[PDB]
Amino acid sequence: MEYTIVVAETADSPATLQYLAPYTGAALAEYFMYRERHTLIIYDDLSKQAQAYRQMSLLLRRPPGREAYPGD
Amino acid sequence: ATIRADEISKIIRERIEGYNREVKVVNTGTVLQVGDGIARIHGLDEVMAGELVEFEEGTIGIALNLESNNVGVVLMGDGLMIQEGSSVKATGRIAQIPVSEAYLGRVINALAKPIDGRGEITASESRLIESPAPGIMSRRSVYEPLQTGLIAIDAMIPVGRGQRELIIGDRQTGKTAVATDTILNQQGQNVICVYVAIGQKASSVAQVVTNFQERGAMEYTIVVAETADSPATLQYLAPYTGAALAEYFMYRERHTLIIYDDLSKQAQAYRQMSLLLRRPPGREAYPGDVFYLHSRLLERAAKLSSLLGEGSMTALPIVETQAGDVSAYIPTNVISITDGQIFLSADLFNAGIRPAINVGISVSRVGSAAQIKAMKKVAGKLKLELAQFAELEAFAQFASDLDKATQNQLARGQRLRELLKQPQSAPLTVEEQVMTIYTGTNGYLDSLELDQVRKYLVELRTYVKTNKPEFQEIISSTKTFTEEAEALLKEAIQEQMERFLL
Amino acid sequence: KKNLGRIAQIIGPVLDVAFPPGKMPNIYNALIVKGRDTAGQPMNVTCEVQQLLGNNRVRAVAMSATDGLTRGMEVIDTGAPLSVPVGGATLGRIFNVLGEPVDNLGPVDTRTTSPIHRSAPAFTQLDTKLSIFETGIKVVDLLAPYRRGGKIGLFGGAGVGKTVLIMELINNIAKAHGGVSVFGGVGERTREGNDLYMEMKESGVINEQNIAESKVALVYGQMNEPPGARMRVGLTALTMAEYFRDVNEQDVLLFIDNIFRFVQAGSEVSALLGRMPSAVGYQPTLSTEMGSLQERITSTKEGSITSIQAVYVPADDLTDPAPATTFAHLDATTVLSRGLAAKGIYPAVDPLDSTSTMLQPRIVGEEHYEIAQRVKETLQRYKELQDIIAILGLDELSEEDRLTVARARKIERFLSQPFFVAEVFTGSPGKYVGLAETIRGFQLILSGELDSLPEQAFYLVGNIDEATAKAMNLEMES
Amino acid sequence: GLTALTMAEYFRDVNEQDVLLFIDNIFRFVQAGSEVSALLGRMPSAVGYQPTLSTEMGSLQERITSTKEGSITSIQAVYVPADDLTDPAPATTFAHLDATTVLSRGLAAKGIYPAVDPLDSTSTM
Amino acid sequence: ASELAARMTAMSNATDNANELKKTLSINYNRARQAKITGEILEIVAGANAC
Ligand SMILES: Nc1ncnc2c1ncn2[C@@H]1O[C@H](COP(=O)(O)OP(=O)(O)OP(=O)(O)O)[C@@H](O)[C@H]1O
Ligand SMILES: Nc1ncnc2c1ncn2[C@@H]1O[C@H](COP(=O)(O)OP(=O)(O)OP(=O)(O)O)[C@@H](O)[C@H]1O
Ligand SMILES: CC(C)C[C@@H]1NC(=O)[C@H](C)N(C)C(=O)CNC(=O)/C(=C/c2ccccc2)N(C)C1=O
């Protein structure tokens, strides 16, 4: 634990925060990466980020693609 | 979003004519945008959701969508001659039907209007169509049998008054022969029968009603019929009108039975209605509210408590399945709503086994609560022997343990099969059912001719109903299978066998 | 001081109300519509705000029927979300989605009312201890050890044995706890709720003399009750259980039948709420809707809530979005199979798809773990060669494969068990089997000792000494 | 893709030398159009591509051509999504290529790298 | 002769079992095809209405 950070985003969090959590972890890791340190990141349940993004896009009335998932 | 229905120019002209005034169009609505089973009526400011509205042509409507400036209604018929810009009148009455005792023996068209051709029906108006179902404190556990007349049903899938038992199978596998058998079997019992034909062809309804009339079951039956050419709204509504008509009697301490022929057709009519209203559909284009469609209807079949008169409503829905698709959408929905099912199989039906109950996949969650003592005592061994036949026939071609299995499957299974098959529109009394099960499953019919089992059984039935009336008396008196009736039935079947051999 | 609004539109259960330009109600605030339905004046139409549509207009969802409602009715807003009675006043009573008692026993003492919408417990206030509890069910105790304090799901199609399993769990474990055990019908047969209540009265659990000490609380929004009620009956049941976990610091049980109907009513509502649906016509807010409900069912340092939930799979589709999202919040699933049910194997628990996060050598011990692993290995070998032995048959397999087939068949027969709640269907009254007996019986089957006795000796028994008794009885009877 | 294709057009036409044009996934050239097409107001086509899949492919493909004064040999990798060889994007590419070369996951699963499907990979030479 | 008779009865059983398996497979495939067509068209119309 003296060499790792935990970025938690439970299921009762809004879809914006679940969509943003991998990017928060990635910026956190990129800091050490550009400070000449080796980093390792693990996005557990990335499909949950895609589902949170799909929810945010459908609520914004963005037109859906395959399986209501946005084109992007 | 940029356009609206009352966006038409004459309404805006009227509004510009006078801006601030006193009285609006209160009961007077002018129709506009007559669409596909819907009509967006401008006006009807004081209208309620669920309001019956009356058109100039004569068509009835229900105020469904009460938008800001227009109310959108659903047409209860082929609203062809609804001229655009014509008047609509609210009735103040939420959707209801005239209910009375003068309906017993008539045919009805999902609007309580007779398609019978025998004149009008007097009434003391009541019964909102969407009545609420009884609560937890209102009802009671089921405790008395509702006899169908069919030996297999009454022995292995027993149904009590207040149970929702589903009749599920393919097309032309029965289910209407079964429904009519159960209705024709209610001659002595004090049970009102309702039969809703939701999407059947008109000739099928003709056959059913004439069979009812001829066999005498019309003095206690009502018929609500929506043919295949009926509007989808009428096929959507017909079981609710049947349920209200039956609830009329059920809440007056009388027992009712109701049969929804092709409840899946009501689901298909509701899917048509929803797709024409542009609602986002779920799997196989079904609205997603289709479970609620069926469950708010089936929850009205109850067994009320002693405080509510002990009235009951038995529901026998009917679901057709496509190539025996038990795991389809509407089949599984109705299975998750009801209290057991009765599986008719096209294979056994076409193979000659005509009441084609698939007993290994059909349950009843009441069981002995519904059955009488005699039927329990005589049906235990019967369901055991048919259980044995179930694995024997599928597993063994000739046999395992060829001596007793040919004493097992031949003496029990293949003769009990001929014991269970029953002709079209010929129900059996409970005494004949108990006697027929006892003659077979104890091991008395082990050596007859397989083509003579039917003849022996029917002739023994007439013999015992001629020579031994005290058997029928001791059965219809205590409803139990005493050793006295047992022994006298034994000597009766010995007499009948030695008579039938010569 | 309370806002008075006018009804602007009515679309089934979803209606939107216009408020004065100054003051509009917040999201989830309860709104009382005065109402008039062929009586004097029942205010029973309660709603809750979903979205502020703009121009002094909010859109709510009715917890009652909307037939007979007019445009322009007065809508008093309560200024707070739906609060329900909590505490000992709920013990022994049946409730609505609105906390209104439907038992006809009188009104509830509404001193303590806590709102149905709260946030989940914080991350720091969470238990981290891992305990299992035995249930008396062979397949559950062996292959899916249910965690004490964790959410537990039961997945099945229509008519596979979800409710018989829930009632067997209630028969075994609910009468052993010291804390209360609340039940919430979130859309199910009202016949079943009435039957369960009458069983509670005859058992003595709900004592008509002194209701005040019952240690149960029943909430019911059944298959009727338009989707406003079927969507929040789970929340009011969860609120009542959270009061006992938080305040009294008891160990609550939370038996819920068909949390699937919560999702289903949410999609029904969201269709008329004017949202674009997801792939299978579900609401776009499906995952967070499940999360807002399941993330409150936890175990904090104050107390624990052991939740046992039934999850319907529509058209037997485990890939359907609703069970597919329930799976993430559960931590001990138990999947029922239509094939196993039709083969008479009751309970129809699919042994290989039903997992648990407590089947670990550090939690259940190494002997239990190794026996479960060997059982799953032989069952997996059987499932592999199933299609080959379906077309060809057993005669073509090797000797070791035939031995594995016979052992897998004995295992799948020893998985079935008679239930106390199913004595009407099977007869041969139910058996409670401890964990040690299940472990010894499966050691005996897989060890090759019980290799020369009929398969039917294991079908619908408990405690493999009964399998041996049945085999001896069958051979002596011939 | 049009940038690189223009750079090759110049070497074929003005410099009149044989160009060797290698392309990475041209599936990405089509799915980028399908990504933007919803925002461009266009109504969705079959399973989710833009209504102009065939013409968008065709413009770029027909621009790749040996023009009788110079030749462009074009080797293109076409991502088949979910191994659906009948997906619209690869389906509309097959008609534009001369020698197709299908790669089988069944051969990669055993190590027959290059996992070229022998019976599927056809050619006009 | 006895080995060939056992082979004949075994291949009769296997033909019958492959027959019922082919039937079950055809049923499941028709269901999958209808579900695929339904989902595809529902997705297309959902996108079009969203535009
Ligand atoms: N027990 C029986 N004995 C003899 N004939 C029967 C029996 N049951 C049904 N039949 C015959 O089988 C045919 C189909 O039966 P039935 O009318 O009950 O099915 P159905 O409900 O009309 O099927 P569908 O409505 O899907 O066409 C009928 O013509 C009837 O005469
Ligand atoms: N353990 C069991 N033993 C014998 N029979 C069982 C068992 N479990 C289920 N069954 C049979 O399966 C039928 C359906 O069971 P049940 O209604 O309890 O589950 P379900 O329908 O999947 O759940 P729900 O009632 O919530 O829809 C019952 O009628 C019963 O006869
Ligand atoms: C079937 C009729 C007679 C009862 C309806 N009520 C309901 O469907 C549900 C059960 N309830 C109780 C409502 O309050 C909302 N109303 C409607 O959804 C409806 C829905 C509806 C759908 C299609 C055609 C007409 C109306 N009503 C306005 C109702 O009156």
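Structural remarks
- Separation between Cα centres of region B:263-294 and region B:444-479, rounded to whole Å: 50 Å
- With Cα atoms defining each centre, region E:14-45 and region D:18-46 are spaced 33 Å apart in the structure.
- For chain D: rounded, prolate or oblate by the Cα gyration tensor [a/c cutoff 1.5]: oblate
- Label sites at D:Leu107 and C:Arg111, each approximated as a point 7 angstrom past Cα along Cα to Cβ, lie 8.1 nm apart.
- Remark: mean inter-chain Cβ contacts per residue of C:284-292 equal 6, using a 10 Å Cβ-Cβ cutoff to other protein chain atoms.
- Whole-Hz ³J(HN,Hα) from phi, Karplus 6.51 cos²θ - 1.76 cosθ + 1.60, for region D:74-91, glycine and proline x: 10, 10, 10, 8, 10, 5, 9, x, 6, 6, 8, 5, 9, 5, x, 5, x, 4
- Global geometry of region C:82-358, whether rounded, prolate or oblate, following the gyration tensor of its Cα atoms and the 1.5 cut on a/c: rounded
- Tensor-based shape of region C:90-212 (alpha-carbon gyration tensor, a/c under 1.5 rounded, otherwise prolate or oblate): oblate
- For B:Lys479, the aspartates and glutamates whose Cα comes closer than 20 Å to its Cα, not counting residues fewer than 8 places off in the same chain, are B:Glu144, B:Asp154, B:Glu431, B:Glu432, B:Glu470.
- Taken one residue at a time, the phi angles of region B:303-310 give Karplus couplings (6.51, -1.76, 1.60, θ = phi - 60°) of 10, 5, 6, 5, 6, 9, x, 6 Hz. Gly and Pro are set to x.
- Helical runs (DSSP H, four residues minimum) scored at -39500 (n - 2.57) apiece and divided by the length of the protein assembly as shown put the mean residue ellipticity at 222 nm at -12000 deg cm²/dmol.
- Dipole magnitude (debye, nearest 20) for region B:94-371, charges at Cβ of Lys, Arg, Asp, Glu: 360 debye
- Backbone amide hydrogens, once placed in the peptide plane, bring C:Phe255 within less than 5 Å of C:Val182, C:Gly184, C:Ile308, excluding anything fewer than 5 places away on its chain.
- Beta bridges assigned by DSSP with both partners in chain B are antiparallel in approximately 55 percent of cases.
- Antiparallel bridge percentage (DSSP; both residues within the protein assembly as shown; nearest 5): 55 percent
- Taking Cα centre as origin and charging only the Cβ of basic (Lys, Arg, +1) and acidic (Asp, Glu, -1) residues, the dipole magnitude of the protein assembly as shown rounds to 2460 debye.
- Only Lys, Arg, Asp and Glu carry charge here, each on its Cβ (+1 for the first two, -1 for the last two); on that basis chain D has a dipole of about 220 debye about its Cα centre.
- Charge tally for C:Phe155 (other residues, Cβ to Cβ under 12 Å; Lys, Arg +1; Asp, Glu -1): -3.
- Unsatisfied cross-links (Cα-Cα over 31 Å) in the set B:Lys373/C:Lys470; B:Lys303/B:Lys383; B:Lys373/B:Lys455; B:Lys265/C:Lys151; C:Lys162/C:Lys383; B:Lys265/B:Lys376: B:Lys265/C:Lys151; B:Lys265/B:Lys376
- Computed FRET value (nearest 0.05) for E:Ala35 with B:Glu473, which takes r as the C-beta separation and R₀ as 41 Å: 0.10
- Neighbouring Cβ atoms from other chains, within 10 Å of the Cβ of residues in D:37-49, number 5 on average.
- Antiparallel bridges, percent of DSSP beta bridges restricted to region C:82-358 (to nearest 5): 20 percent
- Note, ³J(HN,Hα) from phi for region A:45-59, Karplus 6.51, -1.76, 1.60, rounded to Hz, x at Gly and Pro: 6, 5, 5, 5, 5, 4, 5, 4, 5, 5, 4, 4, 6, 5, 5
- Ignoring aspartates and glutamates fewer than eight residues from B:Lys113 along the same chain, the ones with Cα atoms less than 19 angstrom from its Cα are B:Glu51, B:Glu54, B:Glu56, B:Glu57, B:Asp78, B:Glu101, B:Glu125, B:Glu130, B:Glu219, B:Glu226, B:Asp229, B:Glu247.
- Taking amide H positions as modeled 1.01 Å from N, with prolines and chain starts lacking one, the residues under 5 Å from A:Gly71 and 5 or more places away or on another chain are A:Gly65.
- Look at where the Cα atoms of region B:366-415 and of region B:86-112 average out, and the two centres are 51 Å apart.
- Taking every alpha-carbon pair under 8 Å whose residues sit at least 6 apart, region B:407-481 reaches a relative contact order of 38 percent.
- Mean separation of Cα pairs under 8 Å and 6 or more residues apart, divided by the residue count, gives region C:1-104 a relative contact order of 31 percent.
Please note: Cβ atoms are built from the backbone with ideal geometry, for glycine as well, and neighbour counts cover all protein chains shown. A short reminder: the numbers here are calculations on the coordinates, not readings from a lab.
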